[PDB]
file my_file_28.pdb (PDB, C-alpha atoms (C1' of nucleotides))
ATOM      1  CA  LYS A   1     -36.370-132.610 -77.152
ATOM      2  CA  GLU A   2     -39.130-130.515 -78.718
ATOM      3  CA  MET A   3     -41.321-131.144 -75.649
ATOM      4  CA  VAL A   4     -38.673-129.879 -73.225
ATOM      5  CA  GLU A   5     -37.696-127.008 -75.551
ATOM      6  CA  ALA A   6     -41.286-125.796 -75.919
ATOM      7  CA  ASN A   7     -41.657-125.649 -72.111
ATOM      8  CA  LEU A   8     -38.577-123.718 -70.973
ATOM      9  CA  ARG A   9     -40.951-120.783 -70.525
ATOM     10  CA  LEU A  10     -42.588-122.947 -67.835
ATOM     11  CA  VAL A  11     -39.404-123.296 -65.772
ATOM     12  CA  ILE A  12     -38.356-119.665 -66.250
ATOM     13  CA  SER A  13     -41.852-118.546 -65.202
ATOM     14  CA  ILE A  14     -41.993-120.877 -62.192
ATOM     15  CA  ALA A  15     -38.482-119.874 -61.053
ATOM     16  CA  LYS A  16     -39.674-116.421 -59.908
ATOM     17  CA  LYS A  17     -41.071-117.582 -56.545
ATOM     18  CA  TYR A  18     -37.756-119.171 -55.458
ATOM     19  CA  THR A  19     -35.294-116.406 -56.388
ATOM     20  CA  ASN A  20     -33.684-116.194 -52.944
ATOM     21  CA  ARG A  21     -29.952-115.700 -52.375
ATOM     22  CA  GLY A  22     -29.071-119.348 -51.810
ATOM     23  CA  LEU A  23     -28.519-120.447 -55.405
ATOM     24  CA  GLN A  24     -28.246-118.885 -58.835
ATOM     25  CA  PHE A  25     -31.060-118.829 -61.379
ATOM     26  CA  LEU A  26     -29.419-121.306 -63.765
ATOM     27  CA  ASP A  27     -29.113-124.181 -61.270
ATOM     28  CA  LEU A  28     -32.835-123.982 -60.461
ATOM     29  CA  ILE A  29     -33.607-123.758 -64.191
ATOM     30  CA  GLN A  30     -31.567-126.862 -65.000
ATOM     31  CA  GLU A  31     -33.050-128.740 -62.040
ATOM     32  CA  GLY A  32     -36.522-127.878 -63.317
ATOM     33  CA  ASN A  33     -35.289-129.135 -66.691
ATOM     34  CA  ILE A  34     -34.658-132.624 -65.307
ATOM     35  CA  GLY A  35     -37.938-132.402 -63.378
ATOM     36  CA  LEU A  36     -39.749-131.666 -66.641
ATOM     37  CA  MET A  37     -37.776-134.496 -68.273
ATOM     38  CA  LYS A  38     -39.095-136.861 -65.591
ATOM     39  CA  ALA A  39     -42.601-135.423 -66.064
ATOM     40  CA  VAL A  40     -42.376-136.236 -69.799
ATOM     41  CA  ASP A  41     -42.345-139.973 -69.075
ATOM     42  CA  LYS A  42     -44.604-139.527 -66.029
ATOM     43  CA  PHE A  43     -47.209-137.536 -68.013
ATOM     44  CA  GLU A  44     -49.591-140.287 -69.302
ATOM     45  CA  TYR A  45     -51.678-137.882 -71.381
ATOM     46  CA  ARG A  46     -54.666-140.225 -71.942
ATOM     47  CA  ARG A  47     -56.446-138.756 -68.896
ATOM     48  CA  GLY A  48     -56.931-135.499 -70.813
ATOM     49  CA  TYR A  49     -54.817-133.010 -68.846
ATOM     50  CA  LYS A  50     -52.314-130.347 -69.870
ATOM     51  CA  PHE A  51     -48.557-130.712 -69.484
ATOM     52  CA  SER A  52     -48.075-127.418 -67.621
ATOM     53  CA  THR A  53     -50.422-128.365 -64.762
ATOM     54  CA  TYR A  54     -48.888-131.774 -64.051
ATOM     55  CA  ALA A  55     -45.352-130.575 -64.827
ATOM     56  CA  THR A  56     -45.731-127.748 -62.275
ATOM     57  CA  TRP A  57     -45.698-130.252 -59.395
ATOM     58  CA  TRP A  58     -42.617-132.110 -60.686
ATOM     59  CA  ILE A  59     -40.677-128.902 -61.372
ATOM     60  CA  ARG A  60     -41.600-127.527 -57.931
ATOM     61  CA  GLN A  61     -40.427-130.835 -56.425
ATOM     62  CA  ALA A  62     -37.104-130.524 -58.271
ATOM     63  CA  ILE A  63     -36.796-126.880 -57.166
ATOM     64  CA  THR A  64     -37.395-127.816 -53.516
ATOM     65  CA  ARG A  65     -34.922-130.706 -53.875
ATOM     66  CA  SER A  66     -32.263-128.336 -55.231
ATOM     67  CA  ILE A  67     -32.944-125.754 -52.515
ATOM     68  CA  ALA A  68     -32.754-128.543 -49.901
ATOM     69  CA  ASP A  69     -29.583-130.304 -51.079
ATOM     70  CA  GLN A  70     -27.788-127.205 -52.385
ATOM     71  CA  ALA A  71     -28.023-123.514 -51.275
ATOM     72  CA  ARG A  72     -26.554-124.488 -47.908
ATOM     73  CA  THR A  73     -22.961-125.216 -46.851
ATOM     74  CA  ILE A  74     -24.146-127.597 -44.130
ATOM     75  CA  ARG A  75     -26.333-129.926 -46.212
ATOM     76  CA  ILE A  76     -29.614-130.249 -44.301
ATOM     77  CA  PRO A  77     -31.973-132.930 -45.717
ATOM     78  CA  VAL A  78     -35.252-132.276 -47.478
ATOM     79  CA  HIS A  79     -37.608-133.223 -44.619
TER      80      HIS A  79
ATOM     81  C1'  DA B   1      33.453-170.705   4.043
ATOM     82  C1'  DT B   2      27.871-172.790   6.343
ATOM     83  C1'  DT B   3      22.367-171.526   6.960
ATOM     84  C1'  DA B   4      17.775-170.094   9.521
ATOM     85  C1'  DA B   5      13.544-166.017  10.060
ATOM     86  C1'  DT B   6      12.311-161.909   7.463
ATOM     87  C1'  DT B   7      11.472-159.596   2.957
ATOM     88  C1'  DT B   8      10.259-159.551  -1.399
ATOM     89  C1'  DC B   9       8.579-162.009  -6.387
ATOM     90  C1'  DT B  10       5.239-164.903  -8.749
ATOM     91  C1'  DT B  11       0.405-167.382  -9.332
ATOM     92  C1'  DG B  12      -4.165-168.531  -8.795
ATOM     93  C1'  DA B  13      -8.300-166.336  -7.379
ATOM     94  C1'  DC B  14     -11.235-163.012  -7.762
ATOM     95  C1'  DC B  15     -13.324-157.987  -9.156
ATOM     96  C1'  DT B  16     -14.901-153.813 -12.397
ATOM     97  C1'  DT B  17     -16.328-151.646 -17.168
ATOM     98  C1'  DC B  18     -17.267-151.978 -22.711
ATOM     99  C1'  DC B  19     -20.025-153.541 -25.809
ATOM    100  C1'  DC B  20     -23.230-156.343 -28.043
ATOM    101  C1'  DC B  21     -27.404-158.181 -27.100
ATOM    102  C1'  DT B  22     -31.961-159.627 -25.027
ATOM    103  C1'  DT B  23     -38.412-158.994 -26.904
ATOM    104  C1'  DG B  24     -41.209-155.188 -27.674
ATOM    105  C1'  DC B  25     -41.958-151.442 -29.327
ATOM    106  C1'  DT B  26     -41.040-146.042 -29.922
ATOM    107  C1'  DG B  27     -39.166-142.320 -31.789
ATOM    108  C1'  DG B  28     -35.742-139.876 -34.814
ATOM    109  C1'  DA B  29     -32.867-139.205 -39.035
ATOM    110  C1'  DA B  30     -31.521-139.928 -44.209
ATOM    111  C1'  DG B  31     -33.167-140.835 -48.919
ATOM    112  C1'  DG B  32     -36.519-141.414 -52.872
ATOM    113  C1'  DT B  33     -41.550-140.693 -55.138
ATOM    114  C1'  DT B  34     -46.182-138.498 -56.436
ATOM    115  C1'  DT B  35     -49.531-134.670 -56.494
ATOM    116  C1'  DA B  36     -52.923-134.669 -62.056
ATOM    117  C1'  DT B  37     -58.140-127.260 -63.469
ATOM    118  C1'  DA B  38     -56.113-123.567 -64.801
ATOM    119  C1'  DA B  39     -50.487-122.157 -64.600
ATOM    120  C1'  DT B  40     -45.669-120.683 -71.395
ATOM    121  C1'  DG B  41     -39.766-114.452 -72.886
ATOM    122  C1'  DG B  42     -37.284-114.284 -65.562
ATOM    123  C1'  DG B  43     -34.034-111.178 -62.829
ATOM    124  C1'  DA B  44     -30.391-107.827 -60.858
ATOM    125  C1'  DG B  45     -26.469-104.439 -59.860
ATOM    126  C1'  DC B  46     -24.623 -99.451 -60.365
ATOM    127  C1'  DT B  47     -22.618 -95.955 -62.504
ATOM    128  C1'  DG B  48     -20.073 -90.330 -58.273
ATOM    129  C1'  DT B  49     -14.083 -95.016 -60.488
ATOM    130  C1'  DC B  50      -9.463 -92.565 -62.912
ATOM    131  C1'  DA B  51      -5.484 -93.555 -65.863
ATOM    132  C1'  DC B  52      -2.233 -97.234 -68.204
ATOM    133  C1'  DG B  53      -1.415-101.134 -71.952
ATOM    134  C1'  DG B  54      -3.035-104.835 -75.441
ATOM    135  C1'  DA B  55      -5.739-106.077 -79.029
ATOM    136  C1'  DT B  56      -9.662-104.440 -83.238
ATOM    137  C1'  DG B  57     -11.154-102.191 -87.027
ATOM    138  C1'  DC B  58     -10.357 -98.429 -90.887
TER     139       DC B  58
END
call {"tool": "encode", "arguments": {"input": "my_file_28.pdb", "output": "structure tokens"}}
result
Amino acid sequence: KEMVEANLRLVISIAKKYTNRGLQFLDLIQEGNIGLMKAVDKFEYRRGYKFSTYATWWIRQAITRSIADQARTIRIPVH
DNA sequence: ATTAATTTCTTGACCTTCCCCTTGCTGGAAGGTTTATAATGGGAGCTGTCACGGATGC
């Protein structure tokens, strides 16, 4: 909880590059929230990296997944 | 009130597609998973809309 609450600035700073008129801001924010929640258990911090750098890829994956599944009436898949 | 040559009915005997499938790939579509330097308070009207009640605060 404190890990995901200390890094909401990460999702609200990464959600600037995908602010198109397909979805609202809050859906992308809460999809990046579950992407960061997956990155918490996928972190494995013993390599010596920061959480923002590895969490950026997971949150961008969740953002692309939300813009692929949602933001379109005809649901076109992610590929 | 009779039946013998035609004219229909019925029954095997044949004739097509529909669909699944044959070995061997070959390509396309739908769904889920990582990627490991550094990334930490975002973004957008529109008012030049005017005149009523219904609820809030002295």
call {"tool": "closest_atom_pairs", "arguments": {"input": "my_file_28.pdb", "of": "chain A", "to": "chain B", "cutoff": "10 Å", "atoms": "all atoms listed in the file", "output": "Markdown table"}}
result
| residue | atom | partner | partner_atom | distance |
| --- | --- | --- | --- | --- |
| A:6 | CA | B:40 | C1' | 8.1 |
| A:7 | CA | B:40 | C1' | 6.4 |
| A:8 | CA | B:40 | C1' | 7.7 |
| A:9 | CA | B:40 | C1' | 4.8 |
| A:10 | CA | B:40 | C1' | 5.2 |
| A:11 | CA | B:40 | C1' | 8.8 |
| A:12 | CA | B:42 | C1' | 5.5 |
| A:13 | CA | B:42 | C1' | 6.3 |
| A:14 | CA | B:42 | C1' | 8.8 |
| A:15 | CA | B:42 | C1' | 7.3 |
| A:16 | CA | B:42 | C1' | 6.5 |
| A:19 | CA | B:43 | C1' | 8.4 |
| A:25 | CA | B:43 | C1' | 8.3 |
| A:42 | CA | B:34 | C1' | 9.8 |
| A:43 | CA | B:36 | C1' | 8.7 |
| A:44 | CA | B:36 | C1' | 9.8 |
| A:45 | CA | B:36 | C1' | 9.9 |
| A:47 | CA | B:36 | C1' | 8.7 |
| A:48 | CA | B:36 | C1' | 9.7 |
| A:49 | CA | B:36 | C1' | 7.2 |
| A:50 | CA | B:36 | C1' | 9.0 |
| A:51 | CA | B:36 | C1' | 9.5 |
| A:52 | CA | B:39 | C1' | 6.5 |
| A:53 | CA | B:39 | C1' | 6.2 |
| A:54 | CA | B:36 | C1' | 5.4 |
| A:55 | CA | B:36 | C1' | 9.0 |
| A:56 | CA | B:39 | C1' | 7.7 |
| A:57 | CA | B:35 | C1' | 6.5 |
| A:58 | CA | B:34 | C1' | 8.5 |
| A:61 | CA | B:34 | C1' | 9.6 |
| A:76 | CA | B:30 | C1' | 9.9 |
| A:77 | CA | B:30 | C1' | 7.2 |
| A:78 | CA | B:31 | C1' | 8.9 |
| A:79 | CA | B:30 | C1' | 9.1 |
call {"tool": "atom_distance", "arguments": {"input": "my_file_28.pdb", "atom1": "CA of residue 18 in chain A", "atom2": "CA of residue 34 in chain A"}}
result
17.0 Å
call {"tool": "axis_aligned_box", "arguments": {"input": "my_file_28.pdb", "around": "range 35-44 of chain A", "padding_each_side": "5 Å", "output": "AutoDock Vina command-line options"}}
result
--center_x -43.7 --center_y -136.0 --center_z -66.6 --size_x 21.8 --size_y 18.6 --size_z 16.4
call {"tool": "closest_residue", "arguments": {"input": "my_file_28.pdb", "among": "A:28, A:35, A:40, A:1", "to": "residue 70 in chain A", "atoms": "all atoms listed in the file"}}
result
A:28
